[PDB]
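> model this:
(4 chains, ligands or ions: 2)
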Amino acid sequence: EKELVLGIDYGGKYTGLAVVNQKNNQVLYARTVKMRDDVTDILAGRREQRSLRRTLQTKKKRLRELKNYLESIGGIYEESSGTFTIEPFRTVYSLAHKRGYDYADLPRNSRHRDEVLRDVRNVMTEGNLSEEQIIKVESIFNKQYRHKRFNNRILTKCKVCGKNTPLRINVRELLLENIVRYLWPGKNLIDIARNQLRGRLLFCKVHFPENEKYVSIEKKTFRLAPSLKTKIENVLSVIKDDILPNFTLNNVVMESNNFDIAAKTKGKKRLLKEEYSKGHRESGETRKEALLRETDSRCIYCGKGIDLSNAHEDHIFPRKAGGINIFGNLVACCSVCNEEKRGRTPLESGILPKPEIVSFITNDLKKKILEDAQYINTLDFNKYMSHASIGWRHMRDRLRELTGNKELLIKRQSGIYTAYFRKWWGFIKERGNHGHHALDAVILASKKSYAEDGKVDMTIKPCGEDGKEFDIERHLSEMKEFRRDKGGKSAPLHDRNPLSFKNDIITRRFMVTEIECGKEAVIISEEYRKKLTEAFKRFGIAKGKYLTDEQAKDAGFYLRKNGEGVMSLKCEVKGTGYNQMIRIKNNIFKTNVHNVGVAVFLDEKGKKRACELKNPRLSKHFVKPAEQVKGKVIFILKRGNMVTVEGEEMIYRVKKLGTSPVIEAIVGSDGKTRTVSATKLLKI
RNA sequence: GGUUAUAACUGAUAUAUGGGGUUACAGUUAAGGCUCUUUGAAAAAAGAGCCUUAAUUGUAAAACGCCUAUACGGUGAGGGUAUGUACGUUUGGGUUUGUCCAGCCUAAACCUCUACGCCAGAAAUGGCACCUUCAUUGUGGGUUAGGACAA
DNA sequence: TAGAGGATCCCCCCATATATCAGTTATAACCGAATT
DNA sequence: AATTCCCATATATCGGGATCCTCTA
Ligand SMILES: [Zn+2]
Ligand SMILES: [Zn+2]
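Numbers count the residues shown, from 1 in each chain, chains lettered A, B, ... in the order given. Ligands and ions are numbered 1, 2, ... in the order given. Below, you will see the structure:
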């Protein structure tokens, strides 16, 4: 064990860690891990909820300020009605809720701020009011309560010292002198002058000019995405428990992910070198400008005129299920086509692109996605290619900190090299079971010596327990699972969609197109439910599909806005109990953190009894009363607690609380869960 | 090979909004039911009341809590505004708990680093905004749907 | 008539600006250490 | 003092409950 080498295979969702010794190429430890993949969705979803909450708070402040001013100038406000009785004041208050957008100048639910202001001004003028009041009202509409601060944010530290890195927009003079030091390299200097310069220097103002010949340190990485950061931490967690206390580390290698994102994103393998400089976007333009040029500044879906003030970059492939922000996934949507699509497949949406602009597109990738949105699934580009490539740094530094040896050697191995040895030593790369990642890790750590006559040497084969080569299904341990725990204080208290609880039944309103096929029995209406079933049978729609906009209109499901929009139906919500219902203010939500543990106590008679402990943060918000603890509690059960049955010696892990906890064996059981009452269960 | 620079390419974190949708309440309309009164031999019809299901209008709520009233806004009158001020520096605080952190927000004291936006002239910079003082009049403000460890 | 086993049920969407970093591809500049 | 830069198409692809119907002592 003189030389120990650890091989790490970094992947988008699975990472394989293996450590072997180069003395005889013997496998000492090999295990693949599974990283959390819901962090990106959770972080994105949290931001939307936070933005919506802050947006509503600003609306309340704007409405309160407008109401106070309206009352001052002669308005009468009634608390019961909540709005002014006078028509000029009532209209202004009503228009304040939807003030429109003002991020672009003027060249429909959301039309513009100017149109709303013009509508506001017209109703104020008709009310015989002074221009001073109109100006003040307009100022309230355009008033900003929370100022935007995007300048001076996320300051970069210098490579040598800790001083703040100056912004590149005040460095344009310095960057010009960096090229004139030496000596087609003629258009390079033009770029710094006449375009945006986003990105810090990674250096301060005293080392960048003259001390640029400081090539002694690695590229420091200070900022990492939380989803990518927790993926590395989960991998490092496995290393600390097993690799750290068992064996020492002398060398570490990693699989370099040269996915060629600039090449696989266009539906090709590797385009020309000269075509890498010029991307899909037009020269001297943005994504919106480039999208309009390919559509001739019109709309693909409806053909109406599109300007920069209303152009939307739609995702032909919805982001609700999949969705990738590529140039070939966004074409055009002006005001209503985006609203009608609302994040669903165009084939399922039914708003087919007009066959007059598709033939005018010069991009071959756009042809396939528009004809069939499902083609992106068969594309050779995935979001995990960037996930695997991004994050190779900030891992060696953390590895060096954990295991010491700040002078650790870092090497990168390409996937082509490990493929040669895998197919030559007698290994098969199966796209099925995930145990094949530990083997990539072993080939990553294995000594590479061809010798012989140009063929891979057979005496350097990795060894199993004693000499039995390396078997994925025989010489591997259990692959670790990293999941999300909802028992913490950071988990959501309830669902984001309020529910209606009238006459002791949980119901909610759902769109006709949003109703899944085969689940129409929940509709309370005895006439629209039959109509929905008839439409499904007539059009020949299987289970799991929806109704398109054209099909819904032709089936009489469009009597919402003068025959120009789909309606909504009130249907009962399945898979919900009374204990999950919590009422906050006038809203009612369904919760999932209502159970925090199982408490077992002694009854008055003497027999043991089990109850469910409720969340302290939601105890007073429960619609129905719960059951408390009467006798003395002997023990309290919790999630992730190793328990055993009264008539068995196996170890089980509790997954669900309640009077009948659900338990599952740590090793084995083929993933099947076991349900048993807590009375006949004991905690180990 | 490393570092850095210029293009481009995806990946994912904050920020500030524009909508759709959901729920509560209060009106209106349509259709379908249940009762009462009444026209009526009867058939039947009308009026009134209630319910259900759709369409429509307005208003309101959207995590619990914790912290802050020594706080947080409106109006009017002064001053300060690259010599300045914080999105910056230094030491802290709130969220914040069994413990620690992220992300936001913020106090006192300071310009070494970092950043400093809009609307208007014919060189003279004016308004807005920001900061601050005072008076008057209100009850507001921040954070919270993420990650670890421990019980 | 009570509790497990076994079906199937349940979760919010679109977009517009404003900033930033972290990876890849290409070209160019050097720096540097190994290799020849 | 001139040259190499590890050998040498591949790598990446809910959880925590709930009801309903069916068995079992
Ligand atoms: Zn420096
Ligand atoms: Zn359109």
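> Could you measure from the residue lying closest to residue A:683 once chain neighbours are set aside over to residue A:666?
Counting by Cβ to Cβ, 6 or more residues apart in numbering, residue A:643 is the residue found nearest to residue A:683 once chain neighbours are left out, at 5.0 Å. Heads up, the C-betas are built off the backbone N, CA and C, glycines and all. Taking Cβ to Cβ, to the nearest Å as the measure, residue A:643 falls 11 Å from residue A:666.
> try residue A:415
34 Å.
> Residue A:522 too?
Distance of residue A:522 to residue A:666, computed by Cβ to Cβ: 38 Å.
> before we move on, what about residue A:468?
Look at residue A:468 and residue A:666: by Cβ to Cβ, they are 26 Å apart.
> residues near residue A:112, how many?
As a burial measure, residue A:112 scores 20 neighbours (other Cβ atoms under 10 Å).
> which ones are touching it?
Residues in contact with residue A:112 (Cβ atoms under 8 Å, 6 or more residues apart in numbering) are A:100, A:101, A:102, A:106, A:309.
> hmm, 7 Å instead?
Going by Cβ atoms under 7 Å, 6 or more residues apart in numbering, residue A:112 touches A:100, A:101, A:106.
> Do stretch A:78-89 and RNA strand B come into contact?
Yes: between stretch A:78-89 and RNA strand B, judged by Cβ under 7 Å from any atom of the strand, the touching residues are A:81, A:82, A:83.
> who wins for neighbours among those residues?
In terms of neighbours by other Cβ under 10 Å, these top out with residue A:83 at 14 neighbours.
> Settle it for me: which of residue A:643 and residue A:666 has more neighbours?
Taking neighbours as other Cβ under 10 Å, residue A:643 and residue A:666 compare with residue A:643 leading, 19 against 11.
> Let's verify the more buried one: helix, strand, or coil?
strand (DSSP: H, G, I helix; E, B strand; the rest coil).
> domain ranges for chain A?
Per automatic domain parsing, the domain ranges recorded for chain A read A:1-52+A:226-265+A:381-484, A:53-140, A:155-222, A:278-379, A:500-578, A:594-683.
> which stretch of helix or strand covers the spatially most distant residue from the centre of chain A?
Computed with Cα atoms, centre = their mean, the residue of chain A farthest from its C-alpha average is residue A:605, at 53.0 Å. Under the criterion DSSP states H and E, no helix or strand holds residue A:605.
> list the contacts for residue A:682?
For residue A:682, the contact set (Cβ under 7 Å, 6+ apart) comprises A:643, A:644, A:646.
> you'd agree it is in a helix?
No: according to three-state DSSP, residue A:682 belongs to no helix; its state is strand.
> which bits of the stretch 501-650 of chain A sit near DNA strand C?
Along the stretch 501-650 of chain A, the residues adjacent to DNA strand C under the rule Cβ under 7 Å from any atom of the strand are A:516, A:518, A:519, A:573, A:574, A:575, A:576, A:592.
> Now for those, which sits with the most neighbours around it?
Going by other Cβ under 10 Å, residue A:573 tops these with 16 neighbours.
> can you pull the contacts of that one?
For residue A:573, the contacting residues are A:499, A:506, A:507, A:508, by Cβ under 7 Å, 6+ apart.
> I'd like the residues you listed written out as CSV, with neighbour count, secondary structure and distance to residue A:270 added.
Shown next, in CSV, are the contacts of residue A:573 (neighbours: other Cβ atoms under 10 Å; DSSP: H, G, I helix; E, B strand; the rest coil; distance: Cβ to Cβ, whole Å):
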residue, neighbour count, secondary structure, distance to residue A:270
A:499, 19, strand, 52
A:506, 18, strand, 55
A:507, 16, strand, 56
A:508, 18, strand, 50
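> Make CSV out of the residues you listed and add distance to ligand 2.
Conversion of the contacts of residue A:573 to CSV gives the following (distance: Cβ to the ion, whole Å):
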residue, distance to ligand 2
A:499, 34
A:506, 38
A:507, 35
A:508, 30
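> is the biggest helix by length in chain A up against RNA strand B anywhere?
Longest helix of chain A, by residue count under DSSP state H: helix A:39-72. Yes: residues of helix A:39-72 are located near RNA strand B by Cβ under 7 Å from any atom of the strand, namely A:39-40, A:42-47, A:49-61, A:63-65, A:68-69.
> Which single residue of the stretch 551-684 of chain A approaches ligand 2 most closely?
residue A:564 (14.0 Å; Cβ to the ion).
> For that residue, which non-adjacent residue is closest in space?
residue A:558 (7.1 Å).
> Helices of the stretch 101-250 of chain A, residue ranges please.
Along the stretch 101-250 of chain A, counting by DSSP state H, counting those that start in this stretch, helices occupy A:113-126, A:131-142, A:172-177, A:188-193, A:226-238, A:244-246.
> Then the stretch 351-500 of chain A?
Taking DSSP H, counting those that start in this stretch as the test, the helices found in the stretch 351-500 of chain A are A:364-371, A:383-389, A:396-403, A:415-425, A:436-445.
> Could you list every helix and strand in contact with the longest one?
Same thing as helix A:415-425. Applying 3 or more Cβ pairs under 7 Å, 6 or more residues apart in numbering; DSSP states H and E, one finds that helix A:415-425 makes contact with helix A:436-445.
> ok, now which ones touch residue A:496?
Contacts of residue A:496 by Cβ under 7 Å, 6+ apart are residue A:49.
> same question, residue A:36
A:230, A:231, A:234, A:482, A:484.
> Surely the first one touches residue A:37?
In this case it means residue A:230. No: between residue A:230 and residue A:37 there is no contact under Cβ atoms under 7 Å: 10.4 Å.
> about what we covered before: just give me the closest of the contacts of residue A:573 to DNA strand D.
Closest to DNA strand D out of these is residue A:506 (9.4 Å), distances taken as Cβ to the nearest atom of the strand.
> Can you tell me how far the nearest residue in space to residue A:628 that is not next to it in sequence is from RNA strand B?
The spatially closest residue to residue A:628, leaving aside those adjacent along the chain, is residue A:611, at 7.5 Å (Cβ to Cβ, 6+ apart). Applying Cβ to the nearest atom of the strand, to the nearest Å, the value for residue A:611 to RNA strand B is 18 Å.
> Residue A:611 is in contact with residue A:627, isn't it?
Yes: between residue A:611 and residue A:627 there is a contact under Cβ under 7 Å: 5.1 Å.
> thinking again about what came up before, just name the closest of the contacts of residue A:573 to residue A:31, please.
Relative to residue A:31, the closest of these is residue A:499; by Cβ to Cβ it sits at 44.1 Å.
> Identify the bridge partners of the closest one.
Beta-bridge partners for residue A:499, by DSSP bridges, are residue A:588.
> Name the residues of the stretch 301-450 of chain A found near DNA strand C, please.
For the stretch 301-450 of chain A, the residues in contact with DNA strand C (Cβ under 7 Å from any atom of the strand) are A:308, A:311-315, A:318-320, A:323, A:330, A:333, A:338, A:341-343, A:386, A:389-394.
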